[PDB]
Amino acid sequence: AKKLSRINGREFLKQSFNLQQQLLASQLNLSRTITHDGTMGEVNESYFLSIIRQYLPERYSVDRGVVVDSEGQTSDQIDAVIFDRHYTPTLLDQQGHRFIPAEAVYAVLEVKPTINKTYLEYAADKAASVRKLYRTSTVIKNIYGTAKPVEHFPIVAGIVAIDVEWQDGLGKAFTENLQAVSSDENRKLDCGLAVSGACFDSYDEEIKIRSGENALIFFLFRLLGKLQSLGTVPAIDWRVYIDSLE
């Protein structure tokens, strides 16, 4: 039996996130093990989806699915999409199998067995499949009148994995590979999380890396801040989703 004294606010905050990080590591590694490293099934993104949905403000929705645009083009299948449903309609889909208008998307994340060159490249491919889609923006009626259309922001993209393959972790080889992957704005990976205890992002332009027990809390609060900086999705042009129909 553990000797328990008292728990203070800082300690409880750390534990509330680190124990969830350990739970995610256990679940995602079970899935990686059972699927033989993603070769006999996809790593099960569901518990990651649940945790990020629980954390994120309710202005954000979180699910897996496919992104579509008003030109009829589709992304690849995306493991985790962070998107708007407060202002943007739902295309008569349901939880676990979304078909999302590109205008609604804030961020996308791919869940892979490990952070390595191969899987960074795959996650960047998924990102590009979303960022290549066309997005509309229209005027906005509000308390102060009608605002001009909001400029689109770059969609945030990342990778979530069980661990980091390089022996030195997220080190020089990692940053060189990330710099090379992110040599195309459609392919940029802004952030990533390994639930064994590492995270990175380029939100401040320079690559910032964290390791250890607080990786999840760092990843989530830093992502919160990046999302904050984006504002709300622009107003979808409803005309363009019906203009080719008879």
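Just count from 1 along the sequence shown to find any residue number.
Averaged over CA atoms, B-factors in the entry run higher in 150-158 than in the other of 150-158 and 78-86. Mean CA temperature factor is higher for 5-13 when stretches 5-13 and 225-233 are set side by side in the entry. Ranking 27, 70, 39, 61 by the C-alpha B-factor listed in the PDB entry places 39 at the top. By the numbers in the PDB entry, the CA B factor is greatest at 178 among 178, 216, 191, 52. Among the modelled residues of the chain, residue 117 sits in the highest third by CA temperature factor in this PDB entry.
In the deposited entry, the Cα temperature factor of residue 33 places it in the middle third of its chain's modelled residues.
Residue 100: CA B factor in the lowest third of modelled residues in this chain (values from the PDB entry).
In the deposited entry, the Cα temperature factor of residue 201 places it in the middle third of its chain's modelled residues.
Remark: residue 144 belongs to the middle third of its chain, ranked by C-alpha B-factor as recorded.
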